[PDB]
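Read the single chain below, which is given as C-alpha cells and is the form deposited in one PDB entry.
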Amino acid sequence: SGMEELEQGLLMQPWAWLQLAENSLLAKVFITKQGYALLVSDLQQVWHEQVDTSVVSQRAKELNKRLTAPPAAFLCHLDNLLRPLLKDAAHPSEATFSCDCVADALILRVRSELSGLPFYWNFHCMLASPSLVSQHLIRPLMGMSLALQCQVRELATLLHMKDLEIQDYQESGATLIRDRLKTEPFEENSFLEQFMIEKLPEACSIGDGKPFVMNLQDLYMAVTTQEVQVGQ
C-alpha cells in the first residue's frame, strides 16, 4: 500500500538538522503524491507522523483560507521546502519553523509562501513506536559502529604493512643512524589508550546533533539500505 511505501522510503532518507525558533531538531521526511512520513528527534525523544492525501486536504483547508490546490500540489511544495534546507542550512530559505509539546505529542509548525501568498502547515507528531526507534536509530547506529570498527581494523592492517616496508629499507642499509624524527612503528594498544585519554571526550560529543548529520549520513543511508535489502 501507499503508506507502506512511505515508511520504506523514509527508512532510507538521511537525517537533516533543522533550525527552529527556540531549539533545533533532527528530521527525516519522505514525500510522495500519496502523503508523507516524518521522523523527528531531539536526541532524547523521537516523534513520528504519517499522513495520506485526505489528511493533506483536510488540514490544508483548516490552516489556509487564502488559497486552495490539489493535495499532491501541497505535498510537492512541502518537499520543495524541506529538501534544500536538509542538504545545508546555508540556503536562503524565507520559511520559518517552530514547535510545541503536549504530553506525547510534538507539533512542528511551518510558515512559508506559495502562489505569492502565505502558506501554513502543521506536522502533528506522536511518540514513535519502539519498532520505528529500533529501525531508524538503534539498529543502524549499531551497524555503523561495527562498520567503523572494521574500517579501523583494516587501517591498522595497512599500517603494519607500511611499517614492514619501512623495516625492509632499514634492514637493507638505507639508514644506519637515526638522523631525524620519524613516525614510531604503529602499535594499536597505545594508539587506543592515547586516543581515549586525549581525543575521546571531544570526538564522541553529540552536541545539537549537527556532527552526526554532517559527518555520518553516507554511512547511515548505506547501513539502513543494507537492512531493507536483508529484511526481504
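Numbers follow the displayed sequence, beginning with 1. Between two forms, the rigid core is defined as the largest C-alpha subset superposing within 1.5 Å.
Keep in mind that the form deposited in another entry is not shown, yet the notes after this line are about it.
With the core held fixed by superposition, the comparison between this form and the one not shown singles out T175 as the only member of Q194, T175, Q45, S54 whose CA moves by at least 2 angstroms. One change in that other deposited form concerns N189 and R178, whose Cα atoms lie at least 3 Å farther apart than in this form. Panel note: the distance between the CA atoms of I166 and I177 is smaller in that other deposited form than in this form, the difference being 3 Å or more.
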